[PDB]
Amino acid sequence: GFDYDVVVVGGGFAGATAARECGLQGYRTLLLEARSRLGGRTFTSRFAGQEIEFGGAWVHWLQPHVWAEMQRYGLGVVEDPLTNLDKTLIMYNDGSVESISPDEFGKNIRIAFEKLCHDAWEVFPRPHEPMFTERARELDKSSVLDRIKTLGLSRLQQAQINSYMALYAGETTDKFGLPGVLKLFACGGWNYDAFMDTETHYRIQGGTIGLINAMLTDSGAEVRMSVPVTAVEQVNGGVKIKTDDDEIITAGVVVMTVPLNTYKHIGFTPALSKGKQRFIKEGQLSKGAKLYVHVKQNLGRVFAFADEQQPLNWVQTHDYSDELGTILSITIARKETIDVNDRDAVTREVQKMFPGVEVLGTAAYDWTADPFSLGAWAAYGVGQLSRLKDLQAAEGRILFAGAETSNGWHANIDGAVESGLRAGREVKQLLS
């Protein structure tokens, strides 16, 4: 006889999918989002008169769960084509900048990536069962750098692939779990071209927030915003949920979809299992930030990688024209390498790559400083993948979702949707 059948904590894709499932099963469903907005680690905004993406945005048809949702709600794709590049750059750890032919750049990144993932089929014949093979468990003792060191790459190739893997980690590659990379590669059909097609090619028609709103409208759930959850208590065959306004909401079941790195901010009674607490203390690796830079010059279509000891790890032209100048889209692997809110430091770092340009504006999202993400995309450290079930496992009447908890595309919208579907099923099993 509680206030709700199910309470979903978190308004990202995982929470929205869980809420849709529970609502269409007829449960009285409430969703609590801590921010004043939905989307979580997806966030569409505007800068310098244009639309920009501060978080995740890109999807693909090889990603099963989000593609099935797009079919359900009749959403197509929007191509970010990019076409030919006018300038490809690599910045080594020592700060030196080298201009390379786009063709040679692509050839070298392909050689390095295919060497890194040469054994994806043998290790992950079932990418959605990461622990299927013993080889996966054995390789979860190795870092991405451990493998890179064995590949006999050239200096250029090594710098390129290390920059790429530091981006995927949001951290230095010596800490990055190797098997998660192989597993993502395998999810893309064990093939370089197919996987690369998923990276930054297609966005959702009507936007991530469009799909989230469609799901939440379909769900019929009550949706309360700016209501952060601070504690969960299991009692009376149910749960009590406290907000930061000391309010109490009771329910038969609760689905947690908050990012792993934020669990520290929530009290649980009874305490969570030891394995879950190990995960909660560890966190996930990524410390990334996103930055858009409006410069006066028209630099055309540019792309640059910077290795892990430098700040501007992924740079690419968002838009360009003589009147506009250029908007640069920049992903920073580790926030600590640059103060994105300092225009003089940002300008110095940008000019290191593009001499003489004048910075007209900046717009940044520091995902590590946001208390409701405390980090960016999901990136497993060494040894974490093989314990992932400890995080996925239900704890009585508390269920757990989120992209970190997915088996497939765990650094993506698709993994969040997967975890939401699973959480819906688990709610149905508990409530019948």
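In this text, residue numbers run from 1 along the sequence as written.
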message: Tell me which stretch has the larger mean Cα B-factor in this entry, 244-252 or 87-95.
response: 244-252
task: For the higher mean C-alpha B factor in the entry, choose 263-271 or 99-107.
output: 263-271
task: Using the temperature factors in the entry, find which of 70, 59, 403, 398 has the highest value at its Cα atom.
output: 398
query: Highest Cα B-factor in the deposition, which of 188, 206, 127, 237?
result: 237
query: C-alpha B factor of residue 9, ranked within the chain: lowest, middle or highest third?
result: highest
task: Taking the values exactly as deposited, rank residue 48 by C-alpha B-factor within its chain and report the matching third: lowest, middle or highest.
output: middle
- request: Classify residue 293 as lowest, middle or highest third according to the C-alpha B-factor given in the PDB entry, relative to its own chain.
  value: middle
task: Taking the chain's C-alpha temperature factors as the reference, tell me which third residue 76 falls into: lowest, middle or highest.
output: lowest
task: Just say lowest, middle or highest third for the CA B-factor of residue 351 relative to the other modelled residues in its chain.
output: highest
